[PDB]
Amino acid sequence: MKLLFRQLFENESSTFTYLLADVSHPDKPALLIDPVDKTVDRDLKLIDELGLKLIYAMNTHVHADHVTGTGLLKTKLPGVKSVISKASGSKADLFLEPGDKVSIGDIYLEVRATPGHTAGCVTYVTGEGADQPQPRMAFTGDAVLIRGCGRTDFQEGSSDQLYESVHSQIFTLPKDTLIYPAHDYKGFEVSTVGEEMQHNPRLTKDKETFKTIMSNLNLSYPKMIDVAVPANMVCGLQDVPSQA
């Protein structure tokens, strides 16, 4: 295994997309996590410059803040498959269950179910096998953010469920495991399991304190959810053939 890894940012929605590839493999097979429609051309230009073969375009969950790039990526690289959890209820080429593994050459990602922000959230974690990246890397979606977590008042979320998911599926990973979230609003880019267990002001509270604090934040209505969720439930696809 030889990992090529890039974190990419979409400034309108503050979203991180992740590119992973096994560049030891003759085809340089690659995947994207949480690609955004707006940045598809950027992403494809980068994949071409680096000579990668994009196998999968995956989502951690159904996004409320942007439109998935997975559909457009399919319109543009025939052969790429979209991937999302079965639990999300969304359309995709491939559905994931907890415990599934996704492979790109010799590199693999384990799928952990981490619902709470939505019912469909998963966390992708690089494999624990002997030849895999060290430290492990966890792509936590909106379940754990750096020094925070996603809201739980829409998309069938639950604070109780989020707390249990994080403590059972993420904080059980080795402390040096890197945390790569789907969003960040403070200019931060990475954390670690150990660092979040020490410093995350949400998820280091006891369960009932976390639930109380969450319930009272008085967050505004999500500005894009009425557009983004329907679009993302159909893989970001259109119902008319593309023009031009």
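Throughout, we count residues from 1 along the sequence that is shown.
**Student:** Looking at the deposited entry, does 218 to 226 or 8 to 16 carry the larger mean Cα B-factor?
**Tutor:** Comparing 218 to 226 with 8 to 16, the higher average CA B-factor belongs to 218 to 226.
**Student:** With reference to the PDB entry, specify whether the mean Cα temperature factor is higher for 92 to 100 or for 130 to 138.
**Tutor:** Here the higher of the two C-alpha B-factor means belongs to 130 to 138.
**Student:** Which of these has the highest Cα B-factor in the record: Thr70, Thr39, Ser191, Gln198?
**Tutor:** Spelled out: the listed residue with the top C-alpha B-factor is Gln198.
**Student:** From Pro35, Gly187, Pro181, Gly51, pick the one with the largest CA B-factor in the entry?
**Tutor:** Max CA B-factor in the entry, restricted to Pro35, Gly187, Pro181, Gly51: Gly51.
**Student:** In terms of the CA temperature factor given in the entry, to which third of its chain does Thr60 belong: lowest, middle or highest?
**Tutor:** Within its chain, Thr60 is a lowest-third residue by C-alpha B-factor, going by the deposited values.
**Student:** Compared with the other modelled residues in the chain, in which third is the CA B-factor of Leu145?
**Tutor:** Lowest third.
**Student:** Sorting by Cα B-factor within the chain, modelled residues only, which third would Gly116 end up in: lowest, middle or highest?
**Tutor:** CA B-factor rank for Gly116: lowest third.
**Student:** Could you say whether, by C-alpha temperature factor, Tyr124 belongs to the lowest, middle or highest third of its chain?
**Tutor:** As the PDB entry reports it, the C-alpha B-factor of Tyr124 lands in the lowest third of its chain.
**Student:** So where's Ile84 on the chain's Cα temperature factor ranking, which third?
**Tutor:** Its C-alpha B-factor, which the entry lists for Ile84, ranks in the lowest third among residues of this chain.
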